[PDB]
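Let me begin by presenting the structure, written as structure tokens, before commenting on it.
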Amino acid sequence: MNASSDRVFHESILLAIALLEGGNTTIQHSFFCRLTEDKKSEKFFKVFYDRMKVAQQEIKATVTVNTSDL
Amino acid sequence: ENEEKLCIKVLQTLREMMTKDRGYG
Amino acid sequence: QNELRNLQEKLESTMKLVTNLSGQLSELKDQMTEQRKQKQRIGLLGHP
Amino acid sequence: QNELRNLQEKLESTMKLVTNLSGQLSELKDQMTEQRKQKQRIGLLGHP
Amino acid sequence: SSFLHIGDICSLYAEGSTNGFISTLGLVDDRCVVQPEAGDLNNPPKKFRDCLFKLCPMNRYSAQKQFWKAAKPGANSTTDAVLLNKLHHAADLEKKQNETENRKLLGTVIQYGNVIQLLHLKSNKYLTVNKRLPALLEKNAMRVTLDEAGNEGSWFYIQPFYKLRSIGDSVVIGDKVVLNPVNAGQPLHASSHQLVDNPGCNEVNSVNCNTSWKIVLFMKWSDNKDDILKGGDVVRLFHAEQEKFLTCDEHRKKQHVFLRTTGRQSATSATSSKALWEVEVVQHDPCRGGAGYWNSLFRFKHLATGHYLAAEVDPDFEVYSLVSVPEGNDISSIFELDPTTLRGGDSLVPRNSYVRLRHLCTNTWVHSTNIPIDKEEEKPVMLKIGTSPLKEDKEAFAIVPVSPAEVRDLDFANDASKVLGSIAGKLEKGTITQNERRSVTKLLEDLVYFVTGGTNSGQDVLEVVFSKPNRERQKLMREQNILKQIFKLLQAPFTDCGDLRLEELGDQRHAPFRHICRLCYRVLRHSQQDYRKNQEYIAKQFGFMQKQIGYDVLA
Amino acid sequence: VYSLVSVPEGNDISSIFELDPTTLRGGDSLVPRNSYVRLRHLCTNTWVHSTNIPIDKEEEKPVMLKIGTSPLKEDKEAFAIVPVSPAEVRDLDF
Amino acid sequence: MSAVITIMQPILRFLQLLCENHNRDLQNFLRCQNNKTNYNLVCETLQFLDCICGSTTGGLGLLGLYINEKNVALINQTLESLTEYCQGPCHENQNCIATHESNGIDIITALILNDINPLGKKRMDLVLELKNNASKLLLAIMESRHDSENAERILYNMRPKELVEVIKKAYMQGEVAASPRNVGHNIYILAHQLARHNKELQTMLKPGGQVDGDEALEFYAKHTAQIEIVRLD
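If you read the sequences in order, they're chains Y, W, U, A, Z, S and E. With the first sequence counted from 1, adding 1812 to any position gets you PDB author numbering. With the second sequence counted from 1, adding 1665 to any position gets you PDB author numbering. With the third sequence counted from 1, adding 2691 to any position gets you PDB author numbering. With the fourth sequence counted from 1, adding 2691 to any position gets you PDB author numbering. Residue numbers 6 to 323, 352 to 532, 536 to 591, in PDB author numbering, belong to the letters of the fifth sequence in order. With the sixth sequence counted from 1, adding 351 to any position gets you PDB author numbering. Residue numbers 1959 to 2134, 2146 to 2202, in PDB author numbering, belong to the letters of the seventh sequence in order.
Below, the structure is given as structure tokens:
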């Protein structure tokens, strides 16, 4: 929620990936219960949404390769 | 505060604590 | 009761066209208001 | 009969918006009546 | 209301350092020009058909840019019968689905902060800002051009100039706004560097300097319906009985009618230079015109020369005799038309309606007389038009519309004639510059696709479109004074060298010059497909086609 | 007709104003909270615009900027009506 | 790839693991957060897939120019996470995939009809995961719907040439889980699911006897079942 830089956010994401690990319904309940509080999820979903946005507009300008010849 | 390197070190320590297939016996 | 509601909406249709004739009255009100409007613009913008 | 009543209330809806356009005519009548009202109050209370 | 929707058409007016509407000079040329002393918002310039811009939504350019990248052979010259064909099909499908959402977004307000994609009305050409090319005059700037295909980079953020409004607020009509491209970051301003081609001509650049583009409206959305008269339509006034009437150039200006018919109808055309009028609605404002309403005090303007329809008294014989007045400010030139097959007084006059013209200053109905203007010329043709206070239902002439695609290429033919005339005049006195030598070339090879209707692909000597040569464009090349100018283009280097072709044969490094002398004869040949008037017109100039018959010029 | 001043009586007609909307709405639309307005001078029709000539011609670092008014209506000079909550005027008076 | 592109795969993995097996309340929390404003992450994921693989010029014939050996592990992850938003009958997460404003359905059904133009060495065993996971996504869109709109929206792109697709796929299976026959089984199940709304499609699945494609159609008709169950509600 308060990720200052990219390196902390990436390691926190990898920690959450290692923490969930497929079939732990006991701790998905914890994420759902924590996210149903008053006026705090708006930054969490925004930092998840802009990272979607700033990445999908990267490949539209950078990765434009056309191997038109054999 | 500044010096986030301690934070990434402790997160890496917790993550490598969580991993399987290493350090078992 | 169903037949009563049906005959009720037929006489609702009767006053529906009774209100429609006031609808043509309303557009009569329209047409002489634009008659007055064209008279006042031709008085204002046009010298004759 | 049920389908007849249903198509009856659709053309009731057609004249419903036909009466709605006279509703905007009615508020046009409103707006130039307050235009006349503001003209007469500015003639009365205000010297120019 | 009083808001700005997409689909509205409006002009832009710069203020602060240079005051003039944004315009484009010519139609072959691709520049934007503001004119400081031509006019202001109090009274607009006479050629107000230039300044109109139509609003649009965002247009996605994904497959189109891919096709433009892959269709230009850089080094490998790689072509594919499968890859390039599917790429072209994908680009066409993308353009079609791009167009199918423009009609969906027809009535929609716009707030400060979105891309706005300006479109020029009379040119059908988006104005773009390209990042690579700097401006020609001010050599620290970012040049603006006009692109027909809709280049990416014509997206414009709309951003408020006044601190009253902010992002998310809807734009009002008549405010001051600043426009900057989406990927240039340089707000589009009007410079103060005059051009050398025209006296009052300031170009438009894109730097960080500040300017205010006043959005002044011309015609509302949902007044651009194609089935009603508007304030900018070009129409030809066909008589209900005899023939269309027009304004031609005698020793002084007249308001006659051609007498000759040869079976004149509504569908057939006439000399499109002279018989074209544009409809103007007075609308109490100098701008803001459109949507005539059966009583809207119409005024007619001749298109070839700026002139207005009015009646002025003749030497009286015991309010008469419509003439051509060159100013449109007074009340002697304002008309009014009343219906035939009477309908309401606010019924938004339809497309091909038969009308009858009054003279609202002095109430005197228009009727066509039969007295000739010329009393001494054999086979008279010059039939004047009078007007009488007695209303008659016999003389009630119609409003035949003209599609925009015909007035557009009429103006293209006019501008091509002027450019060819100027270059042919410059060539015979002395050798033209390298840039003028390439500018005339491009006009010569797109004249071929103008007369044939084909598209630009390459390998210009293909000529497989010999099925329908689009006869109206051949007629436009005949009487818009183009074929006469091509003969001046070929005659000019003869006087340059002599005051000859074997001297050109002795040099044989004139391959750029032979490319502009072989294109002229190909253009001449493409005007010769099954058209007798062009055949006899060129055959009148048969005396010097055989002088240069077979050196290298493909004659 | 120029140079708005501070008159200590409110009975005459020289001190009555009129405000017209920005982003035009109806003439009886019950003007909202934080609306931007533009002030007339309904006695003598002369729209209010802010000038830049200082009142004090001799004081270092001038601060005293007078307000004029001109008959030419301009959309640039259109100032807003910022409300004040009653809890602030109440303890101001306290 | 850049650091802003390689950050997508852990984010998609974390979003996948958040609503993997169950708890559709948490699975519904990724499309509407009931605040003063909401962020639809499912449609944003579909838009990311559409732009990374397409966008609309991918479409019908040219798709192999955009998929190479480095883009495979990300497209598999994003469309697998896209399956995980619709696993289990979630009648609102399925409508956000097919009925939204961008054309993200034509691209998820493109990579099952035609093959991939680059034919590499370590890509025959790699494209089958794409085929399998895309077929499973198309199955997961319609778990138990029986509605017209999602059937016709998916069928708006395919023609009855998908029968030719599954027949051809079963025949070049014979040259010999990520297997070349199970994916054709998945498209057969999808076509069986789609036949209950189309009129023409059902007329040449069940009469397989008068069809030259004996092996594929009779094999997949023999090896498919159909049951009915009642849910807890």
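Quick reminder that beta carbons are idealized off the backbone N, C-alpha and C, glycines included.
Exposure label - residue i; buried when at least 16 CB within 10 Å
i	result
Z:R504	exposed
Z:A296	buried
A:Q2722	exposed
Y:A1873	exposed
Z:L242	buried
Z:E99	buried
E:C1990	exposed
Z:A457	buried
Z:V114	exposed
Z:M224	buried
Z:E248	buried
S:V399	buried
S:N396	exposed
Z:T29	buried
S:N385	exposed
Z:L560	buried
A:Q2731	exposed
Z:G531	exposed
Z:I585	exposed
Z:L141	exposed
Per-residue DSSP class, three states only, for residue i
i	result
Z:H256	coil
E:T2003	helix
Z:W226	coil
Z:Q164	strand
A:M2723	helix
Z:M510	helix
Z:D493	coil
E:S2102	coil
Z:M415	strand
E:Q1985	helix
E:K2089	helix
Z:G25	strand
Z:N300	coil
E:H2161	helix
Z:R241	strand
Y:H1841	helix
Z:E143	coil
U:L2695	helix
U:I2733	helix
Endpoints, the beta strand (DSSP E) within which residue i is located
i	result
Z:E20	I14 to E20
residue 348 of chain Z	Residues lacking coordinates in chain Z include everything strictly between 323 and 352, among them residue 348 of chain Z.
Z:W282	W282 to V286
E:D2064	It is not in any beta strand (DSSP E) - E:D2064 instead sits in the alpha helix (DSSP H) that spans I2063 to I2066.
First and last residue of the uninterrupted alpha helix (DSSP H) at residue i
i	result
Z:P548	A547 to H562
Z:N103	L88 to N107
Y:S1824	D1818 to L1832
Z:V484	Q467 to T485
Z:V134	Counting along the chain, Z:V134 falls outside any alpha helix (DSSP H), though it belongs to the beta strand (DSSP E) covering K130 to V134.
Residue-level contact to chain D via CB, residue i, 8 Å cutoff
i	result
Z:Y167	Among the protein chains in the structure shown, which are Y, W, U, A, Z, S and E, there is no chain D.
Presumed contact (8 Å Cβ cut-off) between residue i and residue j, rounded CB distance
i	j	result
Z:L416	Z:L264	5 Å
Z:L132	Z:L123	6 Å
E:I2099	E:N2108	6 Å
Z:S380	Z:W299	5 Å
Z:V183	Z:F161	Z:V183 to Z:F161, Cβ: 10 Å. No contact.
Cβ-heavy atom distance, residue i to the ligand FAD, below 7 Å
i	result
Z:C553	The ligand FAD is absent from the structure shown, which contains no ligand whatsoever.
*asked:* Ignoring anything shorter than 4 residues, give me the alpha helix (DSSP H) runs that lie fully in the segment 2029-2053 of chain E, in order along the chain.
replied: 2030-2042
Run through the segment 380-440 of chain Z for me and flag every whole beta strand (DSSP E) of 3 or more residues, listed as ranges in chain order. 388-391, 398-405 and 416-421
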